[PDB]
Each structure stands twice: as C-alpha cells, then as structure tokens.
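Everything below concerns the one structure shown next.
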Protein chains: 2
Amino acid sequence: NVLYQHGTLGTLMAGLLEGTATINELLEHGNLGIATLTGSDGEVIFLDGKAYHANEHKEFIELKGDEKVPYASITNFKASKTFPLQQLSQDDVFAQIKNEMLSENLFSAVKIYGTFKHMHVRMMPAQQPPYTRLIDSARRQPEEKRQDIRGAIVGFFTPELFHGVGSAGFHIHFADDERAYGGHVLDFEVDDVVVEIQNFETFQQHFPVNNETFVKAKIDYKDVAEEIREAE
Amino acid sequence: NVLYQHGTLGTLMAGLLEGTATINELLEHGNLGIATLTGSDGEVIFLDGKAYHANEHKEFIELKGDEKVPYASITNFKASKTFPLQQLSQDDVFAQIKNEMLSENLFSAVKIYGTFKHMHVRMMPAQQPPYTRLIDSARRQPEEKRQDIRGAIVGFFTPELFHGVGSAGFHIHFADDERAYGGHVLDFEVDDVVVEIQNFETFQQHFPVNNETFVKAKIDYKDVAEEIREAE
Ligand SMILES: [Zn+2]
Ligand SMILES: [Zn+2]
C-alpha cells in the first residue's frame with residue numbers, strides 16, 4: 001500500500017512547471033492517479049494503467065509515454081473497501097468516503113465509477129517558459145460541465161499535516177468512458193456509482209535531483225496555502 | 001539515496017507519543033539517524049548501525065532493539081559530498097553545509113565527525129500516558145554541555161515545504177566516541193572535523209496504520225509551527 005508522488009503541489013504552485021519525469025516512468029509506479037504535463041499543460045488521468053490527457057482545447061487523448069510531468073501522484077490501486085452510492089452531491093460523497101476510509105490522518109486513494117448526474121471540471125491552461133505562479137493559470141482556466149455522463153473519477157486524499165506536499169483533502173480527476181471528456185474535478189453529482197478506497201501505509205516522495213532549475217531555485221511559498229485553495 | 005521516516009514531527013508535537021515502531025524495525029532501513037522512545041523519552045542516536053539512547057537522567061546506553069519509538073528518521077548513509085571544517089560555530093557550520101549540499105529544496109543527511117570545542121545537548125524528558133503537547137516536555141528539559149569532545153553529529157536537513165512533516169531545517173543529535181554522552185544538539189563549535197552530506201532523491205514516509213490511537217485520533221496542529229521553533 002504505497003502512494004507514489006513525483007514533485008509536490010506546493011512547488012508546482014510556486015512556478016516550477018518544467019517536466020522532470022516521464023509518463024512511462026510514472027507508470028512504473030502505478031496504474032491509477034493524476035498529474036499534468038510540462039508547463040502544467042492540461043490534466044493527466046492515470047486509469048487502468050493507461051495515461052490520458054485533457055487539455056484547454058477540449059482535446060482528449062492517450063499519451064504516448066515520453067511526455068514529461070512536473071507533478072504526479074500514482075499508485076498500484078488495490079481496493080481495500082468497495083461500496084455503492086446513489087443520488088448524492090459532491091460534499092455528501094466526500095463525507096461518505098471520509099466515513100469509510102481507515103483514517104483522515106493517512107493518505108488514501110479513491111475510484112468512483114458509474115453515472116454522474118452532473119460533472120464539472122477544469123482543464124489547466126498550459127504556460128510557456130519563463131513560468132509564473134500556477135495560480136495565474138487557474139484564474140484563466142477553461143471549465144466544462146456535463147450531465148448524465150458515464151465515467152470514472154480517480155484521486156487521492158491528503159491528510160492535514162501534508163497539505164502543501166499534496167493537496168488539502170481530496171484531489172480528483174475525471175475521464176468519461178468515451179475517452180473524449182475529462183479534467184480536474186471542481187464539482188459533481190453522482191447518479192449511480194461504485195466507490196473503491198485504498199488506505200496507504202507508505203508515502204513515497206520523489207524529487208527531480210537531476211533538474212537544474214529545481215536544484216538551484218529559491219522557492220517562494222508565500223501564500224501557497226491560500227492559492228492552492230483558490231486554484232483547485 | 002532514500003530517507004526513511006516513521007511517523008512525523010508535527011504529529012509527535014500534537015501529543016501522539018505512543019511507540020508504534022521498534023528500534024530493530026528501523027535499523028532495517030538505515031544505520032544513521034535520530035529518534036526518541038515511547039512517550040518521547042530521551043534522544044535516540046543511530047550511529048554506525050547501533051542505536052544509542054540518552055535520557056533525562058544523563059544515562060547513555062545502547063538500546064536492546066525491542067524498544068518502541070513514536071518518531072524516527074534513518075538512512076543507509078552514503079556520502080555525496082565530503083569536506084573539512086575547523087574553528088567554526090554552529091551557525092557558520094550550517095551555512096557551509098547549506099552551501100555544500102546539492103539543494104536546500106531537498107532532504108539531506110549530515111555526519112560531522114571529529115573534535116568539538118563545545119557541545120550543548122538536551123534530553124527530552126519522558127511523558128506518561130495520557131500524553132499532552134510535547135512542547136510541555138521541552139519546557140523542563142535537562143541540558144548538558146561539554147568541551148573539547150570527540151564524537152559525531154548525525155542528523156537531517158528538511159526543505160521548507162516539508163516543515164512539520166520533518167523539522168524546520170537542521171535536526172541533529174550527538175554521541176561521543178566514548179558512547180557515554182549525547183542527545184539533541186542545541187549548539188556547538190567545531191574544532192577539527194570532516195563533514196559528510198548525503199543528498200536524498202527519495203523520501204519514504206511510513207505510517208502506523210495499526211495504531212488505533214493514531215488512526216482514530218483527531219490531531220490538532222494549531223500553532224505546531226511555533227512550538228517547534230521553541231521545542232524542536
Ligand atoms: Zn488536478
Ligand atoms: Zn531531536
């Protein structure tokens with residue numbers, strides 16, 4: 001039960017958007033997760049060992065594998081608990097997961113598959129170097145909503161003390177069965193779905209020690225906590 | 001280069017002082033590091049594969065291995081950078097280390113061996129269940145100084161974004177060659193030493209998923225950042 005993370009949310013938010021790991025390299029550590037590409041281009045969804053990408057132009061494709069990522073979270077999903085849910089809001093769905101998870105003091109992974117009455121996502125717009133704080137991208141991000149759509153939500157829960165390294169609470173992405181729509185979930189309403197949870201005993205954090213920008217950078221985390229809450 | 005850590009400092013500060021891992025389990029992950037025992041009793045020093053423990057009563061011994069620890073940091077030490085230092089105070093030595101390490105944005109381990117003009121350590125007084133904020137223990141901790149003493153300082157550096165998960169910057173312990181004096185370093189002045197630094201590419205964080213307390217606990221981190229600047 002290990003959650004693998006390449007880079008961190010706080011450092012990404014700080015403006016270090018250079019791709020430092022390969023999609024293929026990430027897949028070596030898991031089959032379910034979330035991420036983004038160099039320049040924080042779009043939304044990466046790791047689903048069933050495959051890597052998908054939804055960008056700011058409503059495009060949706062399966063990544064070749066050589067694309068680079070500045071921040072990614074992945075795991076070899078092994079559900080330790082499964083249970084259904086119907087006709088519930090995002091808040092109510094999270095409250096259920098909060099009830100079924102082993103502990104909110106631990107990291108955990110979730111998978112929600114089925115039909116969604118409502119789905120609301122954003123596709124982080126890509127930046128070109130020199131980079132700026134990621135909050136600037138989020139403030140001009142496109143958002144797309146759908147209704148009565150079938151797909152899967154995948155993500156992770158980060159415990160309080162780890163806010164910054166990961167995200168404050170749930171961080172989830174969506175990919176529809178048609179593999180034509182998806183992104184970072186901002187809101188949703190389940191119609192009929194199945195929820196799978198996995199509690200982690202180990203958190204493996206990897207750093208891009210070979211990336212000169214990261215190594216030499218003087219990272220400013222001023223207001224990073226507040227920005228993360230506005231951006232995601 | 002993997003830095004292994006069982007539990008977190010922030011959680012320890014909150015009061016969860018129950019022993020959730022043994023000295024032996026930790027030695028399986030390294031030969032150089034720091035820790036404390038159940039109830040945050042004293043200062044554990046992992047040096048050259050052996051685990052030493054100095055308590056509030058000035059007792060310095062070699063743990064048997066079955067003792068439990070609530071928080072621990074350890075690594076299979078391998079120097080990435082080696083260099084000498086002479087006649088320098090703690091502040092000047094830390095500055096040199098920050099200059100010689102690969103990046104202040106990474107975790108790193110240090111081993112400073114040789115003679116020290118001055119050595120000032122403290123031995124965290126133990127607490128008995130039920131436990132309270134570890135800050136109260138530091139507010140009545142013993143402290144012993146020495147002069148012209150040969151030994152080794154071993155510890156870790158924690159990048160900014162990880163303050164809380166680990167300490168804020170340097171966290172070092174000491175143990176003399178005579179193995180009869182040591183503890184948490186509060187200050188020092190090197191006479192003639194050699195410094196070895198290990199730059200970490202991976203941070204492995206382990207959690208006590210079987211510790212009911214930790215699992216069901218509603219950990220309060222309010223003001224934890226400031227209590228570490230005081231207690232550390
Ligand atoms: Zn996202
Ligand atoms: Zn200490």
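First the proteins, then the strands, lettered A, B, ... as listed; each starts at 1.
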Non-hydrogen side-chain atoms of [X] and [Y] separated by less than 4.5 Å:
X	Y	answer
A:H120	A:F188	no
A:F207	B:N1	no
B:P84	B:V195	no
A:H118	A:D187	yes
A:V185	A:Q90	yes
B:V69	B:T36	no
B:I97	B:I112	yes
A:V194	A:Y113	no

| field | Any pair counted as ring pair (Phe, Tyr, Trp, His ring centres under 6.0 Å), so long as it reaches residues 60-89 of chain A, sequence neighbours left out | value |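 The answer is A:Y52-A:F60.
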Would you list the pairs meeting ring pair (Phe, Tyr, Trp, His ring centres under 6.0 Å) in which at least one residue belongs to residues 15-34 of chain B, sequence neighbours left out?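 Qualifying pairs, neighbours excluded: B:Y4-B:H29.
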How far does [atom1] of [X] sit from [atom2] of [Y], to the nearest 0.5 angstrom?
X	Y	atom1	atom2	answer
B:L134	B:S40	CG	OG	4.0 Å
A:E62	A:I45	CD	CD1	12.0 Å
B:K68	B:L63	NZ	CG	15.0 Å
B:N31	B:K78	CG	NZ	8.0 Å
B:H206	A:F200	NE2	CZ	13.5 Å
B:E100	B:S80	CD	OG	12.0 Å

inquiry  = Looking only at the aromatic ring of each residue, does the gap between the centers of A:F156 and A:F170 stay below 6.0 angstrom?
reply    =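 Centroid distance A:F170-A:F156: not below 6.0 Å, so no.
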Exercise. Examine A:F107 together with A:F162 and report whether their ring centres are nearer than 6.0 Å.
Key: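 Yes, they do, as the ring centres are separated by less than 6.0 Å.
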Determine the minimum heavy-atom distance between [X] and [Y], stating which atoms define it.
X	Y	answer
A:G155	A:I34	CA-CG2, 4.3 Å
B:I197	B:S108	CG2-CB, 4.1 Å
A:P70	A:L17	CB-O, 3.5 Å
B:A138	B:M124	N-SD, 3.6 Å
A:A54	A:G182	CB-O, 3.5 Å
B:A231	B:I135	CB-CD1, 3.5 Å

Over 12 foreign heavy atoms within 6.0 Å of [atom1], [X]:
X	atom1	value
A:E212	CD	no
A:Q147	CD	no
A:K81	NZ	yes

For the backbone of [Y] and the side chain of [X], can you confirm whether one donor and one acceptor N or O come within less than 3.5 Å of each other?
X	Y	answer
B:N105	A:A217	yes
A:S73	A:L3	no
A:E25	A:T22	yes
A:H173	A:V44	yes
B:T20	B:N211	no
B:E28	B:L26	no
A:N199	A:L102	yes
B:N99	B:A95	yes
A:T75	A:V2	yes
A:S103	B:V215	yes

**OP:** Assess A:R150 against A:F116: is NZ or CZ under 6.0 Å from the centre of the six-membered ring, and within 45 degrees of the ring's axis?
**Re:**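 No, a cation-pi geometry is absent between A:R150 and A:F116.
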Q.
Walk me through whether A:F174 and A:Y181 qualify under side-chain contact (heavy atoms from CB on, under 4.5 Å).
A. CA-CA 8 Å; A:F174 177 79; A:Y181 164 85; 3.8 Å; yes
**Prompt:** Would A:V165 and A:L9 satisfy side-chain contact (heavy atoms from CB on, under 4.5 Å), going step by step from the backbone distance to the final call?
**Reply:** CA-CA 6 Å; A:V165 176; A:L9 179 57; over 6 Å; no
Looking only at side-chain N and O atoms, does [Y] offer a donor or acceptor that is under 3.5 Å from a partner on [X]?
X	Y	answer
A:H171	A:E232	yes
A:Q86	A:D192	yes
A:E143	A:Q141	yes
B:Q5	B:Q205	yes
A:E18	A:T213	yes
A:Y221	A:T11	yes
A:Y131	A:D136	no

Self-check item: Test side-chain contact (heavy atoms from CB on, under 4.5 Å) applied to A:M119 and A:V121, step by step
Solution: CA-CA 7 Å; A:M119 181 55 68; A:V121 305; 4.1 Å; yes
Going through the checks in order, is the salt bridge (charged side-chain N to carboxylate O under 4.0 Å, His left out) test met by A:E227 and A:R133? CA-CA 9 Å; A:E227 305 194 316; A:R133 301 187 68 71; 2.9 Å; yes
Yes or no on side-chain contact (heavy atoms from CB on, under 4.5 Å) for A:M123 and A:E144, after CA distance, side-chain angles and deciding distance?
CA-CA 8 Å; A:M123 300 89 87; A:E144 220 189 311; 3.7 Å; yes
- Query: Which is it for B:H53 and B:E67 under the side-chain hydrogen bond (donor to acceptor under 3.5 Å, both in side chains) test, yes or no, and what are the steps along the way?
  - Reply: CA-CA 10 Å; B:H53 177 280; B:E67 301 89 324; over 6 Å; no
Are A:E230 and A:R139 within salt-bridge range, i.e. N to O under 4.0 Å?
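Salt bridge: yes.
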Which pairs with one or both residues in residues 102-124 of chain A pass salt bridge (charged side-chain N to carboxylate O under 4.0 Å, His left out), sequence neighbours excluded?
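The answer is A:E43-A:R122, A:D48-A:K111, A:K98-A:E104.
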